[PDB]
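Encoded as structure tokens, the structure appears first; notes follow it.
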Amino acid sequence: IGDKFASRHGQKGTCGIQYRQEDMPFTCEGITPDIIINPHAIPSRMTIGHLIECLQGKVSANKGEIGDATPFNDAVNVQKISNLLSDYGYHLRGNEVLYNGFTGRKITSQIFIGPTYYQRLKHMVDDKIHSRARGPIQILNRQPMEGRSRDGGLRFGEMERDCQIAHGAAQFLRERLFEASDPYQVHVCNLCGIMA
Amino acid sequence: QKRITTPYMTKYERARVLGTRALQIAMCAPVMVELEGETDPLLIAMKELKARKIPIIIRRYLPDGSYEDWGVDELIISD
Amino acid sequence: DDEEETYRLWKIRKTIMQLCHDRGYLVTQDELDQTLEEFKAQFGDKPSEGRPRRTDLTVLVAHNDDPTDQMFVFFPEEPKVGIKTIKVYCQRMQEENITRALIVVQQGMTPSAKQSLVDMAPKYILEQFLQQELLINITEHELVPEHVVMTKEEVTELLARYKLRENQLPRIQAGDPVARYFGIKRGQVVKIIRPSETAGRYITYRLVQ
Amino acid sequence: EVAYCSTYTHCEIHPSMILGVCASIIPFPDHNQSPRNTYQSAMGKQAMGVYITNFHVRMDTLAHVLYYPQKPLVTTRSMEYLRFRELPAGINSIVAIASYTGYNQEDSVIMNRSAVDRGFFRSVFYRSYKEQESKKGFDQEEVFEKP
Amino acid sequence: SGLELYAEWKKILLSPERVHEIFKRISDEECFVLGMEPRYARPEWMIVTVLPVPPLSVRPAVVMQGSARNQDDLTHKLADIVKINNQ
Amino acid sequence: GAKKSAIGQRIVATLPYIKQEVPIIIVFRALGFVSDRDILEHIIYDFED
Amino acid sequence: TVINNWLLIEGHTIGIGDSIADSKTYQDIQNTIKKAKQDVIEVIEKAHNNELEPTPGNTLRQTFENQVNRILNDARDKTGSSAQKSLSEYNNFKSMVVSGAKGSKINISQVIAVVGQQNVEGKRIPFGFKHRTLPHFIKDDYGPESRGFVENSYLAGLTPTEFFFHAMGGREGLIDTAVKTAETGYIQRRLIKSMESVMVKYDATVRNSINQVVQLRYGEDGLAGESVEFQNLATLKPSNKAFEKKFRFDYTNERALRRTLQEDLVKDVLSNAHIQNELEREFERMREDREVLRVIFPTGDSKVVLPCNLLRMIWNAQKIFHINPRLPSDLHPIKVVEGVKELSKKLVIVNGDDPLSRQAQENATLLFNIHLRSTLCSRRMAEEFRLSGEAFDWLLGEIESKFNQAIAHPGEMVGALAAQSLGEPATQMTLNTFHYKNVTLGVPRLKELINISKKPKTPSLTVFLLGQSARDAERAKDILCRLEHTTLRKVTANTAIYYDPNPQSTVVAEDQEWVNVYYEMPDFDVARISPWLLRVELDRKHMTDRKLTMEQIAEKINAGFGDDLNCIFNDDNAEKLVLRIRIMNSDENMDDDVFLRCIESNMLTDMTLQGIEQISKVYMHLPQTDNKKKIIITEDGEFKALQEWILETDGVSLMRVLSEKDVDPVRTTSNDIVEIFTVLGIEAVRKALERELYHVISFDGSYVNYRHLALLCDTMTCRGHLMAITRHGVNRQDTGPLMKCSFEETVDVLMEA
Amino acid sequence: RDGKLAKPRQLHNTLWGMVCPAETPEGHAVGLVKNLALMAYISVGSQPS
Ligand SMILES: [Zn+2]
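Protein chains in written order, with the deposited numbering: chain B, 931 to 1126; chain H, 49 to 127; chain Y, 2 to 210; chain R, 686 to 832; chain D, 194 to 202, 212 to 289; chain L, 246 to 294; chain X, 674 to 1109, 1115 to 1267, 1279 to 1442; chain U, 491 to 539.
Structural data, given as structure tokens:
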């Protein structure tokens, strides 16, 4: 849960839950989708080439041949690829009828499913994750450093040192800035302010 | 005396008080209203504020230099 | 044009009078309203080759409240300004024995003359307004709020209600055009009253430095 | 016909050779928005897959192979030129554009626990570490021994 | 000039000690007029006679894991002064 | 416009390893081709315009 | 959770099935595109044949563009209409747009219609290859598709020529995302140092650190901006006839009263004049109120952000107390009038008994109070809302709870909060507002405001024509030019220095006819005539606009160098208006020819034929929008807009510009802050800056409550001089050494300290 | 990278197959790192004698 996966048409997305074959929407011949990308992402960005390759891949899979999608082939209008898919028996335009997995009831709207190439980006949550608490400290400046385990914490830089003033929260600011990073008590002389 | 400050408690004095009262209860301080199935210092103390009974008096220093000193009971609970 | 000079002069004078009515100097509404054609009738067709003399536009008036204190507007006939000419006016004022007076410098003045105006620092205070500036009544422009002035007594009361030392109050510099038009001096509070949308009228009192 | 022109001197070999070595891995680029295709070439500089075929002897830091790289079902004609049916960078997934439980909103993909269990996208993350014996000291030797 | 001020009525570099002596004669009232406040600041106080050495903490010793004790650089400056001052 | 003498719209040439900008006719003369006619035909080829 | 369960039993999915359209629409769209190709071809031939006319205040090339951009823009929209109409009630694309969760009506158009025109830098893809836009096209090609229109829709796919163009068009967006990214924290990081510690101290005086009073009562009203919502004032806009008709509580009809109110009150209302007087005084107070409001909100907006929303509250009260609106009232009308006063005494932003603290409360709540009086007014309460006694009580009480609670909390860091709130839209605005002459807006303009740098990309002063002139462009045009600076170069037709030793030498005969007239009275010619003299020709087409008179040109040319220049005007009727000017005849009585060449250049440049010098261009647009139309309260008592010419001009010289006659000197303002300070004073700058920021955060359609606007525009103009608040501007500050050790001079300031 | 204007980054029309238009990095290096199209071939250099 967290690893980036992305298609070849500009849509990049981390996983949000994973679910087992039984509790997932299933086609009426048993074909449960291995990835369920959101419908909302396609509109505003208009990648209406991801959905065409979704149709052609289905045509190619049932006809057993790598399907060519050269930028300009002229032999691939959306309609011509679709009529081939219709013979195999699917909705000419790709939709298939799925059923909710948990309840079994047919999802009313017919989901659009198909085969689409997915590339697994190198970035992973394990590399990104950082955590700190009573961590190793540099003796010279006594402000947190880094040892094993990525124990160098985040930084309260001025921008976020200023929303805190706006919220009005002084004690968090005092805690984050002093107690958390460099708490020291030094004995000071009263008549002269020099240290003692 | 002449209180010129608003009667209502300020959004931020209901925070430092709820928190201060809470460090007292956690440290074993006496409590001032019945607590039932409740062991959490903030819930025990947010309850007291509902009843206007916390033992604290708020020194609102005015801009010029004089400490008007309203008390929890007089201040109207804003929530 | 010579007719333009008449038009310009009529206006310069017209606003000049209003300043005094506002400053608190006594002026007849009739004088403020003198129409340009009336101005032509009163002073003549043109200063150049005509009755207006570049002099006589000059006038002396006293506070409506107090006749003892009078202010003499001097429109130097000489377009450029020579200190001796002011000294002549100063002598005229010494006779008048009224300290307040103003000079409508038409274009430019000797630098020495300006220091010389400061030279009579507390004597017969006089002020210089470039002719161009007086052409338009800044106080009627949209962005300019309606400045009003306060007596020393009012200033004390204001400080008391807010318990404010005067230095803490917002500050308006004397040189700014509005101040000269209301004839402000250091240490005097001019309140500003303006319409503002969230409330209605917010009156902000600003001291000068 | 009513020609735009009759003097054409030169005609282009195929117009889809005006796109480079990483926008030729994208089918139907014209159909997609142009910024989306730029973002995908950037994502490709990120996707893993088999790096070169001597992965076993090379030993670079940070190198990730993938268990089952698969050639794409929909292929741009000019991918073959860039050795892509020899070094593929991903797996054809039965994807289904739909809104299900909610965990798929805002660029999130739901995924089948069962399929990532039959091998779909399993990968190895090799990371090489090197230590060099130093004899810098006049008497200081960093010898190799079991302390 | 750079590190030395030379005064010509006769043109000679000004002795730090002599300038220190002049400031010793300086009147407190005149220093107040100068704008310096005498209680926490004196012109005589300005000349340096004793070098405060910061504590070992501000100049820590980095032993790089048992190789040896690389001296903190600031220590080097203090050290040269001592060798030269002693001679 | 400033001054730049009575002459205006003067062609001027900065050159490698110099101090102040050099008037163009001079550089041409210095390379040679002193005759003012020679300089002219070397630049403007046709005198008809 | 519930709607996610509903999505589980229903589902949503977008598919190629939604990006395809019925053949009628697929062909219907083609026909609209074919027309564009036909019409654009008409513009090309009309211009190619030179038939096309030039357009007012625009170059011919620009006219071609203005005309072609019109035909293409309609084509995207018209092919746009047919496409959206076809999608059913099941098209998935449409449901996402209508919900507003994702997608746009333009997006639906680009995926089923015509991608539309592609552009770079607010033009069409430019000729980059000499006279072409890509190699394939023939040179000098002005075809719409070739220049940049990508007719093919996304589903159809882009031909290779247009694909390249679409990419160029996207590149600028990816170039912007990077310019936007850097300025993300630039503005706030600088501003916060300047608004670092303004707080609402315990007596409500917003005050900075030194304790100086930046704003006397927060935001001028004392209400903190969270509990304030927009309401319609309801009295400013209505006509005078209406103002009486709507609110009055006439005690005359009786039968009306009979239907509206219970009888017991009915007889008394007729019976007691004292009751009746309160009503007439009540309406009277409101008459007075409308008058104040009319000035307070001059243009005619009725929207305010005043606190507790009286309208909703009445409705809520109607339900809680189950009032039935079809039957008679129980509220004595008088109860309302006293009741309102009672609320008014209780709501207090300021609480001081003495005058100076009693004047302020009235000033602060004048708007809310006028609203309370208009909305809760008895005639209305009795008629429109028909509330009952038990309920009126909940309402007065509730209005007081919300109003009293809306007062800002003392100790709020209103200063730090205001600086960040303004910054969010600062990032949102465009990179330079070339498009939406040029206006500079976005973070570049917001910068000119933050640090007061006088130089602007577009220093400009709007001019409001004083009156009669605006109605008629003829007077307007002359004044417009009257201000504009003009010089000989603009009207010059040709210049010459032929040698004429004697006047009768007359090298050109055409000059001789009037030269003979000059020679008829060759006054001072006896001193001499220039052996070589300058002859100047000008073109009337340029002269006509200026309505220039040669005599004017002559007197002014004479008026400057002096008798050293002598010229006689050519006959005006003569088409070849020419000025033959020669050096002083006594001077003829250093080489004069060379002197003349210099003279010609200086003369051509500094003619200053008319107008203030700095302003260089004046454009005149009558304003179709309500933004600046003069809005007058009419005799019957109505707000209506009068369409009057306004002259927008570049350059800034308010003193002279304002000085010129017929320039209303009341409403003409610069777009530049420095000018305002010098000629109108610091207080005008404070009102002006608010206008300047408001223009910037209006282009977005964004809103920032005025509260935040005033504080940035008052803290900045506070010590009396406009203060640059970029890190450099406030870098000089009244601060403790530790505070002034906050900026790079930490070692130096401390040693001095 | 930070000349205020962005003249070079804007794709000029003369990149018809000289450079791939789609391939541009996002960041401080936008449109200042371009990649060649598949068929370009930079000249190696010859002698013009
Ligand atoms: Zn001591």
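Using N, Cα and C, we set each Cβ at its ideal position, and we do this for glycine too.
- Residue from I1022/X, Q1034/X, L1049/X, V770/X with nearest C-alpha to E955/X: Position 282 of the seventh sequence, counted from the first residue, corresponds to residue 955/X. The shortest C-alpha separation from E955/X is found at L1049/X.
- Task: From the DSSP output, read off the bridge partner residues of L1257/X.
- Result: For the purposes of this step, residue 1257/X is taken as the residue at position 579 of the seventh sequence. Bridge partners of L1257/X according to DSSP: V1214/X, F1247/X.
- State yes or no: is the C-beta of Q791/X within less than 8 Å of the C-beta of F838/X? Counting from one through the seventh sequence, the residue named residue 791/X turns up at place 118. Counting from one through the seventh sequence, the residue named residue 838/X turns up at place 165. Yes, the Cβ-Cβ distance between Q791/X and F838/X is below 8 Å.
- Query: For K1329/X, which residues does DSSP report across the bridge?
  - Reply: Here residue 1329/X corresponds to residue number 640 of the seventh sequence, with the count starting at 1. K1329/X is bridged to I1321/X.
- Message: Using a Cβ distance threshold of 8 Å, determine whether the segment 1176–1195 of chain X contacts the segment 1232–1245 of chain X, with at least three qualifying pairs required.
- Response: no
- To which residues of the same chain is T1106/X closer than 8 Å at the C-beta, ignoring the five residues directly before and after it? As a position in the seventh sequence, residue 1106/X is number 433, starting the count at 1. If we look at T1106/X and ignore the five residues flanking it on each side, its Cβ neighbours are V1117, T1118, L1119, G1120, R1123, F1388.
- Query: Whose CA, out of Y724/R, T692/R, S709/R, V687/R, lies closest to the CA of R844/X?
  - Reply: On the seventh sequence, position 171 is the one that residue 844/X refers to. Comparing Cα-Cα distances from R844/X to each of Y724/R, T692/R, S709/R, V687/R, the minimum goes to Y724/R.
- Assess, as a yes-or-no matter, whether the segment 1184–1199 of chain X is touched by the segment 1225–1238 of chain X under the definition of 3 or more beta carbon pairs within less than 8 Å. With a cut-off of 8 Å, the segment 1184–1199 of chain X and the segment 1225–1238 of chain X do not count as touching, because too few Cβ pairs lie within range.
- Quick one: list the residues of chain E neighbouring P511/U, beta-carbon separation under 7 Å, in chain order. In the displayed structure, chain E is absent; the protein chains listed are B, H, Y, R, D, L, X and U.
- Between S126/H, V120/H, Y115/H, which lies nearest to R51/H when the distance is taken from Cα to Cα? In the second sequence, the residue the question calls residue 51/H occupies position 3. Checked all of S126/H, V120/H, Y115/H; the closest Cα to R51/H is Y115/H.
- Query: Hey, which residues come within less than 5 Å of ligand 1, measuring from Cβ to any heavy atom, in chain order?
  - Reply: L1121/B, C1122/B
- Message: Please report whether the beta-carbon of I703/R lies at a distance below 8 Å from any beta-carbon of chain U.
- Response: By 1-based counting over the fourth sequence, the position of residue 703/R is 18. It does: the Cβ of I703/R has a partner Cβ on chain U nearer than 8 Å.
- Query: Does the segment 1373–1392 of chain X come close enough to the segment 156–166 of chain Y that 3 or more CB-CB pairs lie under 8 Å?
  - Reply: no
- Message: Here's the rule: buried if 16 or more other CB atoms are within 10 angstroms of the residue's CB, otherwise exposed. What is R1078/B?
- Response: Taking the first residue of the first sequence as 1, we reach residue 1078/B at position 148. Answer is exposed; the Cβ neighbour count stays below 16.
- Message: Taking a contact to mean a Cβ-Cβ separation below 8 Å, would you say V209/Y touches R187/Y in this structure?
- Response: For the purposes of this step, residue 209/Y is identified with residue 208 of the third sequence, where counting begins at 1. For the purposes of this step, residue 187/Y is identified with residue 186 of the third sequence, where counting begins at 1. It is a contact, given that the beta carbons lie within the stated cut-off.
- Item | Buried or exposed (CB count within 10 angstroms, at least 16 for buried), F1108/B | The residue given as residue 1108/B occupies position 178 in the first sequence. Exposed.
- Query: How many angstroms separate the CA atom of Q904/X from the CA atom of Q1034/X?
  - Reply: Here residue 904/X corresponds to residue number 231 of the seventh sequence, with the count starting at 1. Here residue 1034/X corresponds to residue number 361 of the seventh sequence, with the count starting at 1. Their backbone Cα atoms lie some 21 Å apart in a straight line.
- Interface residues of chain Y facing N1036/X [CB-CB closer than 7 Å]: Taking the seventh sequence and counting its residues from 1, the one referred to as residue 1036/X is at position 363. What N1036/X touches in chain Y: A200, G201, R202, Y203, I204.
- Does DSSP classify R768/R as helix, strand or coil? For the purposes of this step, residue 768/R is taken as the residue at position 83 of the fourth sequence. Coil at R768/R, not helix or strand.
- Message: Between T1136/X and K1115/X, how many whole angstroms is the CB-CB distance? I'm expecting something under 8 Å.
- Response: Reading the seventh sequence from its first residue, position 458 is the one you call residue 1136/X. Reading the seventh sequence from its first residue, position 437 is the one you call residue 1115/X. Going by Cβ atoms, the distance from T1136/X to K1115/X rounds to 7 Å, so yes, they are a contact pair.
- Query: Does DSSP put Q790/R in a helix, in a strand, or in coil?
  - Reply: As a position in the fourth sequence, residue 790/R is number 105, starting the count at 1. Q790/R falls in the coil class under three-state DSSP.
- Return helix, strand or coil for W118/H, following the three-state DSSP convention. The sequence position of residue 118/H within the second sequence is 70, counting from 1. Residue state, collapsed to three classes: strand.
- Message: Please identify the residue among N881/X, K1125/X, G973/X, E869/X whose C-alpha is closest to the C-alpha of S1431/X.
- Response: Within the seventh sequence, residue 1431/X is the residue found at index 742, counting from 1. Ranking the options by Cα distance to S1431/X, first place goes to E869/X.
- Given a threshold of 16 other Cβ atoms within 10 Å of its Cβ, counted over all protein chains shown, does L984/X qualify as buried or as exposed? Counting from one through the seventh sequence, the residue named residue 984/X turns up at place 311. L984/X is exposed by the Cβ-count criterion.
- Considering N777/R, what are the terminal residues of the beta strand (DSSP E) in which it resides? Locating residue 777/R in the fourth sequence gives position 92, where the first residue counts as 1. Where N777/R is concerned, the enclosing beta strand (DSSP E) stretches over 776–782.
- Taking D1066/X as the reference, give the member of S1047/X, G1096/X, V1009/X with the closest Cα. As a first step, residue 1066/X is located in the seventh sequence; it is residue number 393 there, counting from the start. Looking at the Cα atoms, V1009/X is the closest of the given residues.
- Task: Could you have a look at residue 213/Y and say whether DSSP puts it in helix, strand or coil?
- Result: Residue 213/Y lies beyond the residue range present for chain Y, which begins at 2 and ends at 210; the question has no answer from this structure.
- Message: With a threshold of 8 Å between beta-carbons, can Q725/R be considered close to chain B, or not?
- Response: Numbered from 1 along the fourth sequence, position 40 holds the residue referred to as residue 725/R. Yes, because at least one Cβ of chain B sits closer than 8 Å to the Cβ of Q725/R.
- Item | Endpoints, alpha helix (DSSP H) assigned at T1140/X | The residue labelled residue 1140/X in the question sits at position 462 within the seventh sequence. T1140/X -> not in any alpha helix (DSSP H); beta strand (DSSP E) instead, spanning 1138–1142.
- Item | Run of the alpha helix (DSSP H) containing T705/X, from where it starts to where it stops | On the seventh sequence, position 32 is the one that residue 705/X refers to. First-last of the alpha helix (DSSP H) with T705/X: 696–721.
- Query: Whose Cβ in chain B lies nearer than 9 Å to the Cβ of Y60/H?
  - Reply: Locating residue 60/H in the second sequence gives position 12, counting from the first residue. By Cβ distance, chain B contributes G1098, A1099, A1100.
- Query: Can you tell me whether DSSP reads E147/Y as helix, strand or coil?
  - Reply: Position 146 of the third sequence, counting from 1, holds the residue named residue 147/Y. Strand, per DSSP.
- Message: What are the residues in the segment 933–952 of chain B lying within 9 Å of chain R by C-beta distance?
- Response: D933, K934, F935, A936, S937, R938, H939, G940, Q941, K942, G943, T944, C945, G946, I947, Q948, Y949, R950, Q951, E952
- Query: Quick one: what's got a C-beta closer than 7 Å to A1148/X's C-beta in the same chain, skipping five residues either side?
  - Reply: On the seventh sequence, residue 1148/X is found 470 positions in, with the first residue counted as 1. Cβ within range, chain order: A1154, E1333, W1334.
- Message: Taking a contact to mean a Cβ-Cβ separation below 8 Å, would you say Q129/Y touches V106/Y in this structure?
- Response: As a working mapping, residue 129/Y is identified with position 128 in the third sequence. As a working mapping, residue 106/Y is identified with position 105 in the third sequence. Closer than 8 Å, so yes.
- Query: Would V809/R count as contacting chain B if we go by Cβ distances under 8 Å?
  - Reply: Working through the fourth sequence from its first residue, we reach residue 809/R at position 124. No, because no Cβ of chain B sits closer than 8 Å to the Cβ of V809/R.
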